[PDB]
Structure formats: C-alpha cells, structure tokens
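Just the one chain here, the form deposited in one PDB entry, laid out as structure tokens.
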C-alpha cells in the first residue's frame, strides 16, 4: 500500500488539473481503506497540505481558475471526510487554524455535491459534545466567511433550500440549520439564530419544503418544529416567572424605562402609553379593549414557534377565537321572575 509520506511529498510538488485530481483520488481511497494507524502517519502534516491546496483554489478568481478546480476542491473535501471519520482525525481537524472556515467556504451552492458533503461534516462537528460550544465554533467560521465576502452568513444555506436544488441538498441545509440551533443551551441564542433565518426568507422556503414527499426532509422539518415549540414553552415559562415576580405597577414601569432608555424603543414606549389614554372612556367597553390589547401584545411578545414577529410583514395574524347571535336578547328575556 502507498505511504502517507509519498502523498505528502506529491501534494507539495505543485500538481495541477487532472494530475492533482489523480493524486487526491488515490489519497481519498487510501484514507477510506487504511487503518487509523495509517491516517495518523498522514497526520497534521498531511492535513495541512490538503488545506493549503484548498485555500489556494478557494482564493482563485474566476478569470484564472482551472477547469478542474471544483472537482479538486470536492475531492479534497472527500479526503477531509475520510480523514475525519475517526477520533484522531476530527481532533486534529479541530486543532487547525482554518479547517472549519475552509469547510464553510466549500459550501457553494453552484457546486451542490461538494456543498452536501461540507454541510454533512459541519453538522457532525456541531453535534460533537466536546469541545463544548462546537455549534458556536461552526457559527464563528460562518461569520468570518460572511465578513470576508460581504454576504449574509446564512445566505448559502438559504440558497441551498431554493426550489431548483436537489432534495439531498435541501435536506443537508436543514440538517445543518438544526445542528446549529438544537445543541445550544441558551434559549436566547436559538431564537436569535432562528429569527435571523426568518428575516432571510426561511418561512416561505419552509412552506415549499412542507410539500416535498421525502422522509428525510419530513424528519428535518419535524426536528426544526419541535425545537421552535420547545422554545415557545421555555419563553412561556419565563413569562410566568415575570408575572409572579413583577406585580408592582411602579417597579415594572421603572424596569421598562431602564431597559428602553436612550434606545429607538423609548419613543415607541411613550406612544403605547399615550394611546392607552385614548381607550374608549366607557365603563363596559374599556376592560374589553384592554383585554384585546393584552391578547395582541401576548401573541407578539410570546410569538409562536420561537421566532420574532416578521417586522416586514403587512398583516399580523392574531388568534381571536379565545376572546369571543340574538342569543344575548333571549337570555336577558329571563327577566321573567
């Protein structure tokens, strides 16, 4: 069998095009078929060589790129996959300066098969329990990439979910979305990330995705929904805590003003109060009005499915069946007595 050292030497000898690919293809077969023993002789040195090559193809502007650049990037990613299917391999991948960012950069929707593979590896990394905030390390890399390209960090994932893509790509994009959100301890993080996806157009995408006759998509959708529901209930529990602690009118008001102080929220708070003063000064109507307002504020702030209200939307759906013929006239008719 071919030695890890032979491969390292070849990788550093400036292979191009079909020759590069030949080498990467052979290495990939070696990586998948050899014992972990052999992967270790490949090691950090071997990994570093793959990542340099991937870097310098990733960096290559459209006008000077080779015809086999995609193929070669993708073949490197298949090598990373093989390198990482064992404990030594993931560990050393995590220990790199740039491995995760280069995996993020491989998430190119114009090369969807490479994007499927890079997303599957980023998901596996998010779900690792050690080190501790792996999902945040993956998100950090996504953010770095967005900063360097001046793009929204979740845009490639959203592009992967467009109607024209393969089902495998849709499923892998939603899988990575689940892997970023679900392992997060903090409710605030999850709602933040979820609301960020929604502002990018996730909701309409989801509507489309719900029509797909595919079991794996149904599973990822379900996992996405479960987590939204769990977050709704965790937030609903936070509201009960508040309703129990904060029962002094002056103190609640003081805390709101502290929160809202010198922010763009302050003029909106005043306006809320100013409009309350304009509630129908009518003994039987005024309680109903305040109830209706409470119903509304309730459904805004405790928004269903654990996401912010869509602030760009014209209309806001409020469940009103919980608040509400000539049955009033005939019941008062029991004035018979």
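Only residues modelled in both forms are compared. C-alpha atoms forming the largest set that superposes within 1.5 Å between two forms make up the rigid core. Residue numbers count along the first chain shown, from 1.
Although not depicted, the form solved in complex with a partner chain is the subject of the following passage.
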{"property": "Residue 210 within 4.5 Å of its partner chain in the entry with it bound, heavy atoms", "result": "no"}
{"property": "Non-hydrogen atom contact residue 245 with its partner chain in the entry with it bound at 4.5 angstroms", "result": "yes"}
{"property": "Exercise: residue 98 in contact with its partner chain in the entry with it bound, heavy atom 4.5 Å", "result": "no"}
{"property": "4.5 Å heavy atom contact, residue 91 to its partner chain in the entry with it bound", "result": "yes"}
{"property": "Core-aligned C-alpha movement of residue 316 between this form and the one not shown, 2 Å or more", "result": "yes"}
{"property": "Mobile segments between this form and the one not shown - rigid core superposition, Cα shift of 2 Å or more, 3+ residues", "result": "314-324"}
